[PDB]
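In the UniProt record's numbering, the protein residues as written are 1027 to 1190.
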Ligand SMILES: CN(C)c1ccc(C(=O)N[C@@H](CC(=O)O)c2ccc(Br)cc2)nc1
């Protein structure tokens, strides 16, 4: 069902796209959220995915945190995909703007290996403060399952492809 992606490796594909619009079109089995440990979906990819669910993602997430407590940086949980996907894999990459350890980015991407195919953003990019070129390299060197990366910024997409 994924179309228009550029093949980077045997299992990693990339496209300049809005992940909300991509999820609505494909209805993938798994969409990845760029979550924080509290599952507070305020901004970035998480704010956009939650807004597209009419806040149902945040209501489910608040019940999950009330029962389980916060996730670990580098960890994940599987919740509903609502109207976007069958499932949402909420993955916590390190937030460099909060002083978190960038080495945890490889542990964050290892969560993707529990799912055969995923629609995902680049972890720790954007408002999480990491270098997206680095994030793409860790993705390619860590994920072994089939990952379809949606890169929102056209200018960054071009830089990622040309420097790969
Ligand atoms: C509205 N939603 C869907 C998004 C909100 C935010 C983001 C997001 O921060 N994306 C990252 C990586 C990327 O482009 O994918 C980013 C954006 C701009 C610059 Br400049 C640098 C990095 N991605 C999506």
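By construction, the Cβ of each residue, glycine as well, lies at the ideal position given by its N, Cα and C atoms.
Inter-residue spacing [alpha-carbon to alpha-carbon] between residue i and residue j
i	j	result
residue 1152	residue 1158	8 Å
residue 1092	residue 1086	10 Å
residue 1172	residue 1081	29 Å
residue 1044	residue 1094	31 Å
residue 1060	residue 1028	20 Å
residue 1181	residue 1048	18 Å
residue 1040	residue 1055	18 Å
residue 1143	residue 1174	8 Å
Status (buried if at least 16 other CB within 10 Å, exposed otherwise) for residue i
i	result
residue 1137	buried
residue 1134	buried
residue 1104	exposed
residue 1126	buried
residue 1161	buried
residue 1102	buried
residue 1062	buried
residue 1123	exposed
residue 1030	exposed
Residue nearest to residue i in terms of C-alpha spacing, selected from the options
i	options	result
residue 1165	1034, 1029 and 1126	1034
residue 1113	1171, 1162, 1090 and 1058	1058
residue 1139	1087, 1069, 1044 and 1038	1038
residue 1089	1064, 1031, 1117 and 1029	1064
residue 1149	1105, 1121 and 1143	1121
residue 1176	1147, 1073 and 1168	1147
residue 1131	1078, 1184, 1036 and 1118	1118
residue 1096	1066, 1115 and 1075	1066
residue 1052	1100, 1109, 1071 and 1072	1109
residue 1075	1145, 1155, 1100 and 1186	1145
Beta carbon proximity, residue i to chain B, threshold 7 Å
i	result
residue 1034	No chain B appears in this structure, which consists of one protein chain only.
I'd like the ranges of any alpha helix (DSSP H) spanning at least 4 consecutive residues and lying wholly in the region 1059-1127. 1070-1078 and 1082-1094, all fully within the region 1059-1127.
Query - Runs of alpha helix (DSSP H) lying entirely within the region 1153-1188, each at least 4 residues, in chain order - result: Note on the region 1153-1188: whole alpha helix (DSSP H) runs with a minimum of 4 residues are 1158-1168 and 1180-1188, in chain order.
Who's in the neighbourhood of ligand 1, going by beta-carbon under 6 Å from any heavy atom, listed in chain order? Output, sorted by chain position: 1044, 1045, 1046, 1070, 1071, 1074, 1147, 1148, 1151, 1152, 1153, 1158, 1177, 1178, 1179 and 1182.
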